[PDB]
Amino acid sequence: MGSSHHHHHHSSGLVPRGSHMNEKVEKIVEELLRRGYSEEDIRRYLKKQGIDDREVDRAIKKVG
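Residue 27 in the working numbering sits at position 25 of the sequence shown, and the numbers go up by one each step.
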């Protein structure tokens with residue numbers, strides 16, 4: 003009788019709750035920072051994209 007509880011190796015968890023749209027904001031802001039962009043191009047882009055200087059700075063404070 004094939005009964006196994008094998009290990010999930012190299013796998014992220016799951017979000018069993020409703021996803022608040024900050025999940026997408028924190029994602030899209032971190033996306034360009036994560037690729038080693040300089041803060042010049044980062045802030046220049048996002049402020050133009052309709053992400054306020056306080057909004058992005060708060061999102062960078064959230065990831066910490």
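Virtual Cβ for every residue (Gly too), placed ideally from N, Cα, C.
Straight-line measurement puts the Cα of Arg-19 at about 35 Å from the Cα of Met-3. When secondary structure is reduced to three states using DSSP, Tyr-39 falls in the coil class, being assigned neither helix nor strand. When rounded, the separation of the alpha-carbon atoms in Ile-53 and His-11 is 37 Å. One Cα belongs to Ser-40, the other to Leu-16, and the distance between them is close to 31 Å. When secondary structure is reduced to three states using DSSP, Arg-56 falls in the helix class. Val-58 is not a Cβ neighbour of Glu-28, given a cutoff of 8 Å.
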